[PDB]
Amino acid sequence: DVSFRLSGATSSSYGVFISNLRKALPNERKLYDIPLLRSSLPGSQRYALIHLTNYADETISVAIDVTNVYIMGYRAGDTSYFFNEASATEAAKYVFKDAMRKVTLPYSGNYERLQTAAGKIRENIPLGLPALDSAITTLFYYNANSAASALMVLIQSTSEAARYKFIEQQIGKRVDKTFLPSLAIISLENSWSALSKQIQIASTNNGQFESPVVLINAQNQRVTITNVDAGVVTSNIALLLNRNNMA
């Protein structure tokens, strides 16, 4: 299991939690020094638990699928909540079995659904440590009306930080303040899948992608990424999704 406590948290301590979470994921091998996630794992090896405690000492435990870093559901006390999707239904057979009640959220875990339910897009939802404290609280005292946006903060502060070093560094830097993510963050989140496939193809094609990927950089310019020498491959992406785990 991996844990993170917000009381006394620093940039450094949030960096240690995201590297511990990366270390908990089994890998096929490495491509360009980047770990390639596994394509299938039995249910007894497939989920990892993260325990998160807020400034008031309130804790939630979150289940993640180690093949794709997707959050399946979470537990607050004796209640478990799972997303409304097939993979989360499979996860419930394996995790939080001793919870007294199980609640199926009315949405699946994807951003187009969550943005809909929150009535707010990702660029106007604050991120940073204090925003994670707040998401913890909201999901511990489950408020149907407030959960989708709390889940987006949760996902971007765990899975998305684990997938990319730039997301991890922007988030960990806000210890006592909050910020709105730029489109460079949103574009990396959007393109994990596509970038992971192209990296795998490039490994058999002298480092060149088969189809370019369009990202948004820090100046807000659209950039066309075509090979493994690009900064995003060399010094940002930290986890690759297996080609068989999209399909």
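Don't overthink the numbering: it's just position in the shown sequence, from 1.
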Q) Which has the higher mean CA temperature factor in the PDB entry, 114-122 or 140-148? A) 140-148
(Q) Quick check on the record: does 167-175 or 101-109 carry the larger mean Cα temperature factor? (A) 101-109
Q | Highest-ranked of 16, 237, 225, 24 once sorted by CA temperature factor in the record | A | 24
Q: Tell me, please, which of 80, 159, 134, 87 has the highest C-alpha B factor according to the deposited entry?
A: 87
Q. Should residue 63 be placed in the lowest, middle or highest third of its chain by the C-alpha B factor in the entry?
A. middle
Q | residue 53, C-alpha B-factor rank within chain (lowest, middle or highest third) | A | lowest
Q. Based on the entry's values, in what third of the chain does the Cα temperature factor of residue 207 lie: lowest, middle or highest?
A. middle
(Q) Quick check for you: using the entry's CA B-factors within this chain, is residue 3 in the lowest, middle or highest third? (A) middle
**Q.** B-factor third for the C-alpha atom of residue 184 within its chain
**A.** middle
